[PDB]
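Structure first, commentary second.
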Amino acid sequence: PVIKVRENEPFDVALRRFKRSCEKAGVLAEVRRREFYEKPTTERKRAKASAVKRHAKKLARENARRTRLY
Amino acid sequence: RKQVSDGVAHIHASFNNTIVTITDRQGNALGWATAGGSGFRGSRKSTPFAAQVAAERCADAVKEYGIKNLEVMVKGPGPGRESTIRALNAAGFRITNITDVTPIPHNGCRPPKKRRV
Amino acid sequence: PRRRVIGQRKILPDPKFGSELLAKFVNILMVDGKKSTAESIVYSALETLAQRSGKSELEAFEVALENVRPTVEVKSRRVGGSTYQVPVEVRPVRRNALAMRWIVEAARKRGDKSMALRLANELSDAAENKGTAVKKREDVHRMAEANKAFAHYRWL
Amino acid sequence: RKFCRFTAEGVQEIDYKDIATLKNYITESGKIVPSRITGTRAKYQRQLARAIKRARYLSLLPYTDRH
RNA sequence: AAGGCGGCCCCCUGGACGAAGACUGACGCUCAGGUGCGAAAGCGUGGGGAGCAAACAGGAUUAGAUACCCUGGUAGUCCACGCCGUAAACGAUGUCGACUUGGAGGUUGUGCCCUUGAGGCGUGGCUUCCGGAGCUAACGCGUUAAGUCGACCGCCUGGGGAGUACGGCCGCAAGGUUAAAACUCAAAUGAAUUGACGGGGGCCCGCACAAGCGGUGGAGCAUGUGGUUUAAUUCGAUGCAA
RNA sequence: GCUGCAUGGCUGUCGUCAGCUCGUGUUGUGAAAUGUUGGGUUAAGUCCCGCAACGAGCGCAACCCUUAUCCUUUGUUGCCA
Ligand SMILES: [Mg+2]
Ligand SMILES: [Mg+2]
Ligand SMILES: [Mg+2]
Ligand SMILES: [Mg+2]
Ligand SMILES: [Mg+2]
Ligand SMILES: [Mg+2]
Ligand SMILES: [Mg+2]
Ligand SMILES: [Mg+2]
Ligand SMILES: [Mg+2]
Ligand SMILES: [Mg+2]
Ligand SMILES: [Mg+2]
Ligand SMILES: [Mg+2]
Ligand SMILES: [Mg+2]
Ligand SMILES: [Mg+2]
Ligand SMILES: [Mg+2]
Ligand SMILES: [Mg+2]
Ligand SMILES: [Mg+2]
Ligand SMILES: [Mg+2]
Ligand SMILES: [Mg+2]
Ligand SMILES: [Mg+2]
Ligand SMILES: [Mg+2]
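Below you can see the structure in the form of structure tokens.
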């Protein structure tokens, strides 16, 4: 998040590095998470839904690879 | 009045209003501006244009101090935490540093209950 | 527009000089389905400039066109709920189209003895670049400079 | 594609005193990288987490990017 | 074991699994009563109290709003020691044992192979996903069975009444546990199918928007409707579709 | 004279939107499903490929009218090289 201006660095690329570092640290995401209190049931349920969807998309990738269309 | 030529701007952009405050190195506030002060009401303050208009008015309120080099400390998740940057840049300041100063708790204290709108 | 993409429409070129631009200019100047009078005034305007500037009036209208043709535009959009005037580069088929349109209403607000005379003065004053057309083009340039702050908004 | 680094050389615990192979698993913001991206084995990532926590306790390594 | 357990360190301590042996010699499984543990909320006494937040107050919203939204806010949440013994305490799936085709992972051991190596072959424990036979009303389960079987325990007998009354036991209370009957209906119910609907979603099309031109809404008049008036102001057509 | 909320006939509407079905076969204990889904494409359930589906029908399209070109036939009341 802390960025220093190097030599031959215009404001354009300076702000781009700022923004890119913002996602990499993820700071905006974690602020939105703590914006509201979430129940242990709720994080467990959301993570379980996330896990099943990642896994479902995972094997759907191989099934689409192994199937033949037209 | 007192000419020092170097300061730091602070951009606290909440989800509803953004506030810009240029201060000296050790934190004595030189000037400030805000979206509500710029003359907007309701969601108009939240819009990044409000943040855009607030940055010129906060630079042209410190312009009597002769400041040209300044850092920027960006805090808050609200929209307009990118608009004020180039707004200040356009006003004519040689941006020295950019630093994200948003407070991320290491999961201490309890947030308010979810809004059931 | 939504399903099948199509190209531009071909317009019969200018008969007296062989240009496509003069025909399109006079067509957009045409109002209320009157091209007969439109042809008369466009010929009169070009010949006044022919006697004023060099004999080849082709280049005089060309230079009066280029100094007012816009290469950057202002487009209103809403992505996240805020009004964005995104500036975009415009392709030349629209560049010259928007330039001559503005000239059309620029002449109307001139308010000279006749419509033919005011077009002639407008096209001449654009050649020296002191014209209200250049005024409008400097006006769009300042707001375009202003929109460079919007230039990095959503849907760049 | 990616293979764990500490599997190549026999390591009995991750040493907290080390700063080599600790600074690289910390990111620019001071956070510590997941096994997902750094391609390391779950056997050592628990030890790596413990090692980083010990090091930042003793101020060899920083908690955050600022301090 | 379940409830549950998340900074790092130290002290005390339980279980699990793997390798190669040694040893005891059926010492085993299950379990009515009984005992112990048992989220959150709650109760007692004494602390503590930043954040959050029942109650309560005010402001909005609304026909009303004892709510949803906002600003505040006490109990409680935190600690010590007792009590409570209830949860969608769920895998809605008792414990123990044996047998029955496979495949990909995760996690933790362990024997080997030119150990060359940032390489493979075996063997265990635990754990997710898919699926075969089979089973199932179907959905589905499928070696971690809801398959094939044995041991024992718990429980069920139409929907309401009702997990209520009374009695007993436990509790400071809140209440918990055991647990009916009269009366009433011809259903209640599970899974799945076709539609219809959703203030559900994804994609595609249309002058639907966008890009343009010209308008209406401003003026006058014509015309229809509403309203009003009158003896009647004939009757029908009222979202787009008057 | 009343009831279109008893009706026939007729009409508006989504909307000329592209859908609505059947036979045989197969699947399911069965209601039913499949066909009709999917990759594209089209103005279109239009077409193609795949596909336990193979075909078929009503709709789409085509046939009807007009306009855009030419040839032949008759020339007045129409035409004049
Ligand atoms: Mg408690
Ligand atoms: Mg208490
Ligand atoms: Mg509240
Ligand atoms: Mg539980
Ligand atoms: Mg119970
Ligand atoms: Mg149960
Ligand atoms: Mg037992
Ligand atoms: Mg299965
Ligand atoms: Mg009771
Ligand atoms: Mg009017
Ligand atoms: Mg009717
Ligand atoms: Mg059939
Ligand atoms: Mg059959
Ligand atoms: Mg259909
Ligand atoms: Mg069907
Ligand atoms: Mg179907
Ligand atoms: Mg298709
Ligand atoms: Mg059609
Ligand atoms: Mg068809
Ligand atoms: Mg087909
Ligand atoms: Mg047709």
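Chains as they are written, first to last, in our numbering: chain Z, 1 to 70; chain V, 1001 to 1117; chain U, 2001 to 2156; chain C, 3001 to 3067.
Note that CB positions come from ideal geometry on N, CA and C, so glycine has one too.
ask   = Contact check, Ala2120 of chain U vs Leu2029 of chain U under 8 Å by CB: the rounded distance?
value = Rounded, the Cβ-Cβ distance is 13 Å, inconsistent with contact.
task = With 7 Å as the limit, tell me which residues of the stretch 1086-1112 of chain V have their beta carbon closer than that to any beta carbon of chain U; keep them in chain order.
result = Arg1086, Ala1087 and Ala1090
request  = Measure the C-alpha to C-alpha separation of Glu7 of chain Z and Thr1023 of chain V and round it to an integer number of angstroms.
outcome  = 26 Å
key: chain V within 7 Å of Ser2076 of chain U, Cβ atoms only   = no
message = So within the stretch 2038-2112 of chain U, which uninterrupted beta strand (DSSP E) runs reach at least 3 residues, ignoring any that extend past its ends?
response = 2075-2078 and 2083-2086
request  = Taking 7 Å as the cut-off, decide whether the C-beta atoms of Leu2123 of chain U and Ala2064 of chain U are in contact.
outcome  = yes
task = Quick one: list the residues of chain Z neighbouring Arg3056 of chain C, beta-carbon separation under 8 Å, in chain order.
result = Under the 8 Å cutoff, chain Z gives no residues; its nearest Cβ is about 17 Å from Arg3056 of chain C.
inquiry  = Along the chain, where does the beta strand (DSSP E) containing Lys48 of chain Z start, and where does it finish?
reply    = Here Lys48 of chain Z belongs to no beta strand (DSSP E); instead the alpha helix (DSSP H) covers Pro40 to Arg66.
ask   = Per DSSP, what kind of secondary structure is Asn1097 of chain V in: helix, strand or coil?
value = strand
ask   = Under a CB-based cut-off of 7 Å, is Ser3029 of chain C close to chain Z?
value = yes
task = Buried or exposed for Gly1078 of chain V, please, with buried defined as at least 16 other CB atoms from any protein chain shown within 10 angstroms of its CB.
result = buried
ask   = Checking contacts by CB at 7 Å: is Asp3065 of chain C closer than that to chain Z?
value = yes
query = Considering only residues of the stretch 1013-1052 of chain V, which uninterrupted alpha helix (DSSP H) runs meet the minimum length of 4 residues and lie entirely inside it, listed in chain order?
reply = 1035-1038 and 1043-1046
inquiry  = For a test of the three-state rule: what should DSSP assign to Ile3037 of chain C, helix, strand or coil?
reply    = helix
request  = Show which residues of chain V have a CB atom less than 8 Å away from the CB atom of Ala2149 of chain U.
outcome  = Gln1052, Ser1083, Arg1086, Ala1087 and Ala1090
ask   = In three-state DSSP terms, what is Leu1070 of chain V?
value = strand
query = Out of U:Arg2101, U:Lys2016, U:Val2005 and U:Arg2069, which has the shortest C-alpha to C-alpha gap to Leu2058 of chain U?
reply = U:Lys2016
ask   = Going by C-alpha distance, which of V:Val1117, V:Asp1060 and V:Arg1081 is nearest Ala1091 of chain V?
value = V:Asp1060
request  = Within 10 angstroms of the Cβ of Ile2011 of chain U, are there 16 or more other Cβ atoms? Answer buried if so, exposed if not.
outcome  = exposed
key: Proximal residues of chain U, C-beta to C-beta of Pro1048 of chain V below 7 Å   = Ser2082
inquiry  = Does any residue of chain Z have a CB that is nearer than 7 Å to the CB of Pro1077 of chain V?
reply    = yes
request  = Could you tell me if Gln1052 of chain V is buried or exposed, where buried requires 16 or more neighbouring beta carbons within 10 angstroms of its beta carbon?
outcome  = buried
key: Coil, strand or helix - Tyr3057 of chain C by DSSP   = helix
ask   = Using the rule of at least 16 other Cβ atoms within 10 Å of the residue's Cβ for burial, across every protein chain shown, is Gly1076 of chain V buried or exposed?
value = buried
task = Would you verify that the beta carbon of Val13 of chain Z is, or is not, closer than 7 Å to some beta carbon of chain V?
result = no
request  = Can you say whether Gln1003 of chain V is buried or exposed, counting buried as having 16 or more other CB atoms within 10 angstroms of its CB?
outcome  = exposed
ask   = What are the boundary residues of the alpha helix (DSSP H) that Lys19 of chain Z is part of?
value = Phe11 to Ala25
ask   = Pick from V:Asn1017, V:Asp1006 and V:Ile1085: whose alpha carbon is nearest that of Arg1044 of chain V?
value = V:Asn1017
message = Give me the residue from C:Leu3061, C:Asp3065 and C:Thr3038 with the minimum Cα distance to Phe3006 of chain C.
response = C:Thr3038
request  = Kindly indicate which residue of V:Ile1098, V:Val1008, V:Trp1032 and V:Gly1007 has the alpha-carbon position closest to the one of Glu9 of chain Z.
outcome  = V:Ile1098
request  = Spatial neighbours of residue 1983 of chain U within its chain, please: CB distance less than 6 Å, with the 5 preceding and 5 following residues excluded, ordered by chain position.
outcome  = For residue 1983 of chain U there is no data in the structure shown, the boundaries of chain U being 2001 and 2156.
message = Taking contact to mean 3 or more Cβ pairs, one atom from each stretch, closer than 8 Å, check whether the stretch 1061-1076 of chain V and the stretch 52-67 of chain Z are in contact.
response = no
ask   = Is DSSP giving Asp1006 of chain V helix, strand or coil here?
value = strand
task = Taking the CB atoms as reference points, tell me whether residue 2167 of chain U and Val2079 of chain U lie closer together than 7 Å.
result = Examination of residue 2167 of chain U is not possible in this model, given that chain U is present from 2001 through 2156 alone.
task = With distances taken Cα to Cα, identify the nearest neighbour of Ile1085 of chain V among V:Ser1005, V:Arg1001, V:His1010 and V:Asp1006.
result = V:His1010
key: Neighbour flag for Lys1114 of chain V against chain Z, beta carbons, 7 Å   = yes
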